[PDB]
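Chemist: First, the structure itself, so that you have it in front of you.
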Amino acid sequence: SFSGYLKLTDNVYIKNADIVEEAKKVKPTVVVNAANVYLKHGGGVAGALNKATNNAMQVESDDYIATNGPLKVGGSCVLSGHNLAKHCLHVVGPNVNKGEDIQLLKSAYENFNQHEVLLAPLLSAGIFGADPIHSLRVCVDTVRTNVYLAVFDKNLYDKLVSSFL
């Protein structure tokens with residue numbers, strides 16, 4: 001199962017790790033993708049997860065969008081985890097760089113509560129533009145299921161742990 005995580009709360013764990021490498025090592029039931037409404041996995045966590053699937057995630061995602069239309073900001077969908085996990089929970093956090101309401105970050109994290117355990121990134125962090133310290137706070141105050149957070153950047157990981165209330 002999950003190794004080398006620091007326990008933040010009863011249900012939130014954190015580790016300085018590449019979520020792709022973590023997913024290949026663990027092969028969790030659920031890996032969370034930092035998705036956009038179109039499921040266009042171009043960069044950040046989404047681009048990295050998709051590249052690890054040899055673009056199979058993008059092919060599956062385009063078929064999902066052709067059938068269902070775009071997701072809502074704050075929403076999610078469950079698709080295959082391909083070679084990374086049993087399932088991928090594609091969750092759309094608000095992208096601050098697109099002027100999206102940061103209040104939707106709590107709605108985005110609520111999607112995690114439908115899964116008993118997840119490997120996840122911090123929603124709306126990185127190229128989505130939100131403050132990762134705020135994202136971790138919303139995560140611990142919203143998610144009740146077991147969430148294993150992978151933070152790619154060591155410097156951000158240290159700042160997140162050292163500032164955690």
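Letters A, B, ... go to the chains of the structure tokens in the order shown; residues in each chain start at 1; ligands are counted from 1 in the same order.
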With only C-alpha atoms as the counted atoms, please give the residues lying no more than 10 Å from residue 56 of chain A, apart from itself and same-chain residues fewer than 3 positions off, as a PDB file with C-alpha atoms, in the first residue's frame.
Modeler:
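What ended up in result.pdb:
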```pdb
ATOM      1  CA  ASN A  50      -1.886  11.314 -19.603  1.00  0.00           C
ATOM      2  CA  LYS A  51       1.685  10.963 -20.965  1.00  0.00           C
ATOM      3  CA  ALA A  52       2.188   7.991 -18.559  1.00  0.00           C
ATOM      4  CA  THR A  53      -0.860   6.287 -20.159  1.00  0.00           C
ATOM      5  CA  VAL A  59      -8.449   9.113 -26.087  1.00  0.00           C
ATOM      6  CA  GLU A  60     -10.863   7.845 -23.431  1.00  0.00           C
ATOM      7  CA  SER A  61     -11.471  11.423 -22.222  1.00  0.00           C
ATOM      8  CA  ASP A  62     -12.316  12.741 -25.697  1.00  0.00           C
ATOM      9  CA  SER A  80     -10.233   4.230 -16.215  1.00  0.00           C
ATOM     10  CA  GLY A  81      -6.950   4.517 -14.341  1.00  0.00           C
ATOM     11  CA  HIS A  82      -5.202   2.742 -17.272  1.00  0.00           C
ATOM     12  CA  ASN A  83      -1.689   1.592 -16.159  1.00  0.00           C
TER      13      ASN A  83
END
```
Chemist: Show me, as a PyMOL selection string, the residues that have an atom within 6 Å of segment 149-162 of chain A when counting only C-alpha atoms, minus same-chain residues fewer than 3 positions from it.
Modeler: chain A and resi 13-19+120-121+133
Chemist: Residue 148 of chain A: which residues within 12 Å, counting only C-alpha atoms, same-chain residues fewer than 5 positions away excluded, as an NGL selection string?
Modeler: :A and (1-17 or 19 or 22-23 or 26 or 28-32 or 112 or 116-122 or 136 or 139-140 or 143)
Chemist: Can those selected residues be exported to a file as an mmCIF file, in the first residue's frame so that it contains C-alpha atoms?
Modeler:
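Full text of part.cif as output:
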```cif
data_model
loop_
_atom_site.group_PDB
_atom_site.id
_atom_site.type_symbol
_atom_site.label_atom_id
_atom_site.label_comp_id
_atom_site.auth_asym_id
_atom_site.auth_seq_id
_atom_site.Cartn_x
_atom_site.Cartn_y
_atom_site.Cartn_z
ATOM 1 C CA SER A 1 0.000 0.000 0.000
ATOM 2 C CA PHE A 2 1.125 3.734 0.578
ATOM 3 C CA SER A 3 4.591 4.285 2.090
ATOM 4 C CA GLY A 4 6.627 7.230 3.326
ATOM 5 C CA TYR A 5 3.684 9.557 3.996
ATOM 6 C CA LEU A 6 3.489 12.076 6.782
ATOM 7 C CA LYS A 7 0.157 11.942 8.619
ATOM 8 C CA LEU A 8 -1.447 15.427 8.796
ATOM 9 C CA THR A 9 -4.850 14.474 10.248
ATOM 10 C CA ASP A 10 -6.889 11.317 10.948
ATOM 11 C CA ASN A 11 -7.488 10.908 7.170
ATOM 12 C CA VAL A 12 -5.064 13.189 5.291
ATOM 13 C CA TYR A 13 -1.514 12.041 4.451
ATOM 14 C CA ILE A 14 1.176 13.844 2.445
ATOM 15 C CA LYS A 15 4.413 12.942 0.666
ATOM 16 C CA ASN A 16 6.950 14.699 -1.594
ATOM 17 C CA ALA A 17 6.487 12.521 -4.660
ATOM 18 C CA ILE A 19 2.113 11.360 -8.528
ATOM 19 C CA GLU A 22 3.553 7.056 -6.981
ATOM 20 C CA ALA A 23 0.608 5.702 -9.010
ATOM 21 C CA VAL A 26 1.085 1.687 -5.667
ATOM 22 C CA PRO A 28 -4.155 2.598 -6.119
ATOM 23 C CA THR A 29 -7.882 2.027 -6.551
ATOM 24 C CA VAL A 30 -8.225 5.739 -7.380
ATOM 25 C CA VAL A 31 -5.781 8.296 -8.676
ATOM 26 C CA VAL A 32 -7.125 11.872 -8.851
ATOM 27 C CA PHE A 112 -13.122 12.806 -2.989
ATOM 28 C CA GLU A 116 -12.787 5.385 0.494
ATOM 29 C CA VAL A 117 -9.121 5.996 -0.418
ATOM 30 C CA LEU A 118 -7.430 8.140 -3.046
ATOM 31 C CA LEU A 119 -3.970 9.104 -4.299
ATOM 32 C CA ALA A 120 -4.289 12.815 -5.194
ATOM 33 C CA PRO A 121 -2.617 16.066 -5.998
ATOM 34 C CA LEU A 122 -3.554 19.373 -4.274
ATOM 35 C CA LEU A 136 -4.334 21.802 1.668
ATOM 36 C CA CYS A 139 -8.617 19.464 1.606
ATOM 37 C CA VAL A 140 -8.252 18.655 5.323
ATOM 38 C CA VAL A 143 -12.305 15.407 2.658
#
```
Chemist: DSSP on the backbone: what in segment 14-136 of chain A comes out alpha helix (DSSP H), as a PDB file with N, CA and C atoms, in the first residue's frame?
Modeler:
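In the end it all went to states26.pdb:
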```pdb
ATOM      1  N   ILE A  19       3.341  12.141  -8.554  1.00  0.00           N
ATOM      2  CA  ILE A  19       2.113  11.360  -8.528  1.00  0.00           C
ATOM      3  C   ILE A  19       2.096  10.261  -9.582  1.00  0.00           C
ATOM      4  N   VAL A  20       2.762  10.445 -10.744  1.00  0.00           N
ATOM      5  CA  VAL A  20       2.836   9.377 -11.761  1.00  0.00           C
ATOM      6  C   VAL A  20       3.654   8.218 -11.226  1.00  0.00           C
ATOM      7  N   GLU A  21       4.846   8.510 -10.649  1.00  0.00           N
ATOM      8  CA  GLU A  21       5.681   7.465 -10.082  1.00  0.00           C
ATOM      9  C   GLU A  21       5.003   6.788  -8.902  1.00  0.00           C
ATOM     10  N   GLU A  22       4.293   7.577  -8.100  1.00  0.00           N
ATOM     11  CA  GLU A  22       3.553   7.056  -6.981  1.00  0.00           C
ATOM     12  C   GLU A  22       2.430   6.117  -7.455  1.00  0.00           C
ATOM     13  N   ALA A  23       1.670   6.539  -8.472  1.00  0.00           N
ATOM     14  CA  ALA A  23       0.608   5.702  -9.010  1.00  0.00           C
ATOM     15  C   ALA A  23       1.164   4.403  -9.596  1.00  0.00           C
ATOM     16  N   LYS A  24       2.256   4.455 -10.378  1.00  0.00           N
ATOM     17  CA  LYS A  24       2.836   3.224 -10.926  1.00  0.00           C
ATOM     18  C   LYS A  24       3.320   2.268  -9.833  1.00  0.00           C
ATOM     19  N   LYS A  25       3.814   2.811  -8.718  1.00  0.00           N
ATOM     20  CA  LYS A  25       4.327   2.015  -7.605  1.00  0.00           C
ATOM     21  C   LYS A  25       3.197   1.371  -6.793  1.00  0.00           C
ATOM     22  N   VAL A  26       2.173   2.148  -6.493  1.00  0.00           N
ATOM     23  CA  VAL A  26       1.085   1.687  -5.667  1.00  0.00           C
ATOM     24  C   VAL A  26      -0.011   0.997  -6.436  1.00  0.00           C
ATOM     25  N   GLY A  44       0.745  20.211 -16.479  1.00  0.00           N
ATOM     26  CA  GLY A  44       0.652  19.969 -15.038  1.00  0.00           C
ATOM     27  C   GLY A  44       0.478  18.494 -14.734  1.00  0.00           C
ATOM     28  N   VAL A  45      -0.264  18.194 -13.667  1.00  0.00           N
ATOM     29  CA  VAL A  45      -0.546  16.806 -13.315  1.00  0.00           C
ATOM     30  C   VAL A  45      -1.275  16.065 -14.461  1.00  0.00           C
ATOM     31  N   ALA A  46      -2.265  16.718 -15.090  1.00  0.00           N
ATOM     32  CA  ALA A  46      -3.033  16.047 -16.163  1.00  0.00           C
ATOM     33  C   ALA A  46      -2.163  15.622 -17.342  1.00  0.00           C
ATOM     34  N   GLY A  47      -1.278  16.505 -17.787  1.00  0.00           N
ATOM     35  CA  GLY A  47      -0.375  16.180 -18.886  1.00  0.00           C
ATOM     36  C   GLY A  47       0.571  15.053 -18.522  1.00  0.00           C
ATOM     37  N   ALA A  48       1.051  15.052 -17.262  1.00  0.00           N
ATOM     38  CA  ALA A  48       1.941  14.011 -16.814  1.00  0.00           C
ATOM     39  C   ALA A  48       1.234  12.671 -16.689  1.00  0.00           C
ATOM     40  N   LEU A  49       0.018  12.657 -16.112  1.00  0.00           N
ATOM     41  CA  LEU A  49      -0.724  11.382 -15.989  1.00  0.00           C
ATOM     42  C   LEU A  49      -1.060  10.846 -17.379  1.00  0.00           C
ATOM     43  N   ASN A  50      -1.527  11.746 -18.259  1.00  0.00           N
ATOM     44  CA  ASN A  50      -1.886  11.314 -19.603  1.00  0.00           C
ATOM     45  C   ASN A  50      -0.666  10.765 -20.360  1.00  0.00           C
ATOM     46  N   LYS A  51       0.494  11.464 -20.281  1.00  0.00           N
ATOM     47  CA  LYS A  51       1.685  10.963 -20.965  1.00  0.00           C
ATOM     48  C   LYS A  51       2.076   9.570 -20.437  1.00  0.00           C
ATOM     49  N   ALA A  52       1.882   9.316 -19.122  1.00  0.00           N
ATOM     50  CA  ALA A  52       2.188   7.991 -18.559  1.00  0.00           C
ATOM     51  C   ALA A  52       1.295   6.887 -19.123  1.00  0.00           C
ATOM     52  N   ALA A  56      -3.649   7.153 -23.750  1.00  0.00           N
ATOM     53  CA  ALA A  56      -4.909   6.398 -23.647  1.00  0.00           C
ATOM     54  C   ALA A  56      -5.916   7.165 -22.794  1.00  0.00           C
ATOM     55  N   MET A  57      -5.451   7.887 -21.764  1.00  0.00           N
ATOM     56  CA  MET A  57      -6.337   8.712 -20.956  1.00  0.00           C
ATOM     57  C   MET A  57      -7.014   9.796 -21.818  1.00  0.00           C
ATOM     58  N   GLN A  58      -6.243  10.453 -22.698  1.00  0.00           N
ATOM     59  CA  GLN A  58      -6.814  11.497 -23.561  1.00  0.00           C
ATOM     60  C   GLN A  58      -7.821  10.922 -24.568  1.00  0.00           C
ATOM     61  N   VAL A  59      -7.525   9.745 -25.123  1.00  0.00           N
ATOM     62  CA  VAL A  59      -8.449   9.113 -26.087  1.00  0.00           C
ATOM     63  C   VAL A  59      -9.774   8.759 -25.384  1.00  0.00           C
ATOM     64  N   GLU A  60      -9.668   8.185 -24.188  1.00  0.00           N
ATOM     65  CA  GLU A  60     -10.863   7.845 -23.431  1.00  0.00           C
ATOM     66  C   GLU A  60     -11.629   9.112 -23.042  1.00  0.00           C
ATOM     67  N   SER A  61     -10.886  10.167 -22.645  1.00  0.00           N
ATOM     68  CA  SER A  61     -11.471  11.423 -22.222  1.00  0.00           C
ATOM     69  C   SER A  61     -12.205  12.117 -23.354  1.00  0.00           C
ATOM     70  N   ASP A  62     -11.645  12.103 -24.570  1.00  0.00           N
ATOM     71  CA  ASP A  62     -12.316  12.741 -25.697  1.00  0.00           C
ATOM     72  C   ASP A  62     -13.621  12.019 -26.030  1.00  0.00           C
ATOM     73  N   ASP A  63     -13.651  10.679 -25.899  1.00  0.00           N
ATOM     74  CA  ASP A  63     -14.892   9.938 -26.112  1.00  0.00           C
ATOM     75  C   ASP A  63     -15.898  10.327 -25.000  1.00  0.00           C
ATOM     76  N   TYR A  64     -15.425  10.458 -23.741  1.00  0.00           N
ATOM     77  CA  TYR A  64     -16.321  10.865 -22.652  1.00  0.00           C
ATOM     78  C   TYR A  64     -16.935  12.253 -22.927  1.00  0.00           C
ATOM     79  N   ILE A  65     -16.125  13.211 -23.397  1.00  0.00           N
ATOM     80  CA  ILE A  65     -16.618  14.553 -23.679  1.00  0.00           C
ATOM     81  C   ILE A  65     -17.568  14.538 -24.881  1.00  0.00           C
ATOM     82  N   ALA A  66     -17.252  13.761 -25.907  1.00  0.00           N
ATOM     83  CA  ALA A  66     -18.135  13.678 -27.079  1.00  0.00           C
ATOM     84  C   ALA A  66     -19.544  13.186 -26.671  1.00  0.00           C
ATOM     85  N   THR A  67     -19.600  12.281 -25.704  1.00  0.00           N
ATOM     86  CA  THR A  67     -20.880  11.749 -25.234  1.00  0.00           C
ATOM     87  C   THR A  67     -21.595  12.662 -24.232  1.00  0.00           C
ATOM     88  N   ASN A  68     -20.839  13.201 -23.278  1.00  0.00           N
ATOM     89  CA  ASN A  68     -21.425  13.898 -22.134  1.00  0.00           C
ATOM     90  C   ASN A  68     -21.311  15.393 -22.086  1.00  0.00           C
ATOM     91  N   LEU A 104     -15.213  27.405  -5.298  1.00  0.00           N
ATOM     92  CA  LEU A 104     -15.504  26.102  -5.891  1.00  0.00           C
ATOM     93  C   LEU A 104     -14.469  25.031  -5.523  1.00  0.00           C
ATOM     94  N   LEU A 105     -13.352  25.418  -4.834  1.00  0.00           N
ATOM     95  CA  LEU A 105     -12.365  24.438  -4.447  1.00  0.00           C
ATOM     96  C   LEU A 105     -12.953  23.453  -3.431  1.00  0.00           C
ATOM     97  N   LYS A 106     -13.825  23.941  -2.506  1.00  0.00           N
ATOM     98  CA  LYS A 106     -14.442  23.012  -1.558  1.00  0.00           C
ATOM     99  C   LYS A 106     -15.339  22.003  -2.295  1.00  0.00           C
ATOM    100  N   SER A 107     -16.145  22.479  -3.271  1.00  0.00           N
ATOM    101  CA  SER A 107     -16.988  21.581  -4.071  1.00  0.00           C
ATOM    102  C   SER A 107     -16.142  20.552  -4.807  1.00  0.00           C
ATOM    103  N   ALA A 108     -14.988  20.987  -5.347  1.00  0.00           N
ATOM    104  CA  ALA A 108     -14.093  20.065  -6.020  1.00  0.00           C
ATOM    105  C   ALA A 108     -13.602  18.955  -5.067  1.00  0.00           C
ATOM    106  N   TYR A 109     -13.172  19.339  -3.840  1.00  0.00           N
ATOM    107  CA  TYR A 109     -12.699  18.329  -2.883  1.00  0.00           C
ATOM    108  C   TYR A 109     -13.821  17.401  -2.413  1.00  0.00           C
ATOM    109  N   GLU A 110     -15.082  17.880  -2.423  1.00  0.00           N
ATOM    110  CA  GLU A 110     -16.198  17.019  -1.992  1.00  0.00           C
ATOM    111  C   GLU A 110     -16.327  15.763  -2.846  1.00  0.00           C
ATOM    112  N   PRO A 132      -1.306  26.794  -2.763  1.00  0.00           N
ATOM    113  CA  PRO A 132      -1.348  25.398  -2.295  1.00  0.00           C
ATOM    114  C   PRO A 132      -1.580  25.239  -0.788  1.00  0.00           C
ATOM    115  N   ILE A 133      -1.164  26.232   0.016  1.00  0.00           N
ATOM    116  CA  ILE A 133      -1.431  26.181   1.460  1.00  0.00           C
ATOM    117  C   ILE A 133      -2.956  26.245   1.699  1.00  0.00           C
ATOM    118  N   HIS A 134      -3.644  27.112   0.936  1.00  0.00           N
ATOM    119  CA  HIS A 134      -5.089  27.214   1.025  1.00  0.00           C
ATOM    120  C   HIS A 134      -5.726  25.894   0.544  1.00  0.00           C
ATOM    121  N   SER A 135      -5.216  25.311  -0.550  1.00  0.00           N
ATOM    122  CA  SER A 135      -5.747  24.057  -1.073  1.00  0.00           C
ATOM    123  C   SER A 135      -5.635  22.929  -0.056  1.00  0.00           C
ATOM    124  N   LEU A 136      -4.504  22.842   0.653  1.00  0.00           N
ATOM    125  CA  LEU A 136      -4.334  21.802   1.668  1.00  0.00           C
ATOM    126  C   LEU A 136      -5.321  22.007   2.816  1.00  0.00           C
TER     127      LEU A 136
END
```
Chemist: Can you check which residues of segment 57-106 of chain A DSSP gives as strand (DSSP E) on the backbone and send them as a PyMOL selection string?
Modeler: chain A and resi 76-80+87-91
Chemist: Kindly export the residues of the current selection with C-alpha atoms, as a PDB file, in the first residue's frame.
Modeler:
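Okay, this is what ended up in again.pdb:
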```pdb
ATOM      1  CA  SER A  76     -15.755  15.208 -11.545  1.00  0.00           C
ATOM      2  CA  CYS A  77     -16.049  12.011 -13.473  1.00  0.00           C
ATOM      3  CA  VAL A  78     -14.670   8.515 -12.948  1.00  0.00           C
ATOM      4  CA  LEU A  79     -12.808   7.040 -15.853  1.00  0.00           C
ATOM      5  CA  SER A  80     -10.233   4.230 -16.215  1.00  0.00           C
ATOM      6  CA  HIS A  87      -9.843   4.325 -11.752  1.00  0.00           C
ATOM      7  CA  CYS A  88      -8.985   7.919 -12.399  1.00  0.00           C
ATOM      8  CA  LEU A  89     -11.213  10.444 -10.694  1.00  0.00           C
ATOM      9  CA  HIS A  90     -10.920  13.533 -12.921  1.00  0.00           C
ATOM     10  CA  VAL A  91     -11.679  16.469 -10.632  1.00  0.00           C
TER      11      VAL A  91
END
```
Chemist: May I have the residues within 8 Å of residue 71 of chain A as a PyMOL selection string, using only C-alpha atoms and disregarding those fewer than 2 positions away in the same chain?
Modeler: chain A and resi 36-38+69+73+75-77+92
